[PDB]
Every structure is written in C-alpha cells, then in structure tokens.
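Numbering (my numbering), first residue to last: 6 to 85.
Report on the following structure.
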Amino acid sequence: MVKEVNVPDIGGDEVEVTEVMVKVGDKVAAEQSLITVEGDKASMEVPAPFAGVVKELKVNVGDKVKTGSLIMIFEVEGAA
Numbered sequence: 006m007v008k009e010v011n012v013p014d015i016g017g018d019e020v021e022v023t024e025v026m027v028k029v030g031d032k033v034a035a036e037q038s039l040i041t042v043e044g045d046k047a048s049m050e051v052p053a054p055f056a057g058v059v060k061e062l063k064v065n066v067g068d069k070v071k072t073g074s075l076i077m078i079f080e081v082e083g084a085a
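Here it is as structure tokens:
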C-alpha cells in the first residue's frame, strides 16, 4: 500500500536538496530528518511526514522542493 511524501514546512519560498539522507528501501519515522534543503545564506532540514519505509523517489541532490511537493513515495512497512 504505497503513500506519498510531501515537504511540510521549510520556513519560506523555494529550496533545493543538499543531502537526501534516506534511499530506496530505507527505514523512516516522523521527526527523523528526511532531506537537508538549501537556497539562501542558511541550511534547513525536512523530516518525515510520517513513519514506515521508502519505495521510489523522482528527486535529486541539487533538485527542488517546497511546501507540498511530492518528495518521494513511502509504503507504511511491508514485512521485509
């Protein structure tokens, strides 16, 4: 049962990905950072909208994300 991953709150405007911490199959949980995002003079981070594992992601490091954007597709466990 897949689920989508959006970008919650990243303070302002538009940001890009500097460190895409998780990958295709990883173990993610809320509050546990997902992707480190940049854009101005500061460095920001984006945690997990919810918990489970990662399945697929049409995003790169140096690519763009902003509030709502479909970061990647998760699937809430799936007895690996």
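Here a beta-carbon is modelled for each residue, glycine too, at the ideal position from N, C-alpha and C.
Which of helix, strand or coil DSSP assigns to residue i
{"i": "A53", "result": "strand"}
{"i": "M6", "result": "coil"}
{"i": "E43", "result": "strand"}
{"i": "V64", "result": "coil"}
{"i": "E80", "result": "strand"}
{"i": "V58", "result": "strand"}
Alpha-carbon to alpha-carbon, residue j and residue i
{"i": "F55", "j": "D18", "result": "23 Å"}
{"i": "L39", "j": "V7", "result": "17 Å"}
{"i": "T72", "j": "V10", "result": "11 Å"}
{"i": "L62", "j": "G44", "result": "21 Å"}
{"i": "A85", "j": "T41", "result": "27 Å"}
{"i": "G30", "j": "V58", "result": "6 Å"}
{"i": "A47", "j": "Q37", "result": "20 Å"}
Run of the beta strand (DSSP E) containing residue i, from where it starts to where it stops
{"i": "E36", "result": "Per DSSP, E36 belongs to no beta strand (DSSP E) and is neither H nor E."}
{"i": "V22", "result": "20 to 24"}
Under 8 Å between C-beta atoms of residue i and residue j
{"i": "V51", "j": "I78", "result": "no"}
{"i": "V33", "j": "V64", "result": "no"}
{"i": "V70", "j": "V27", "result": "no"}
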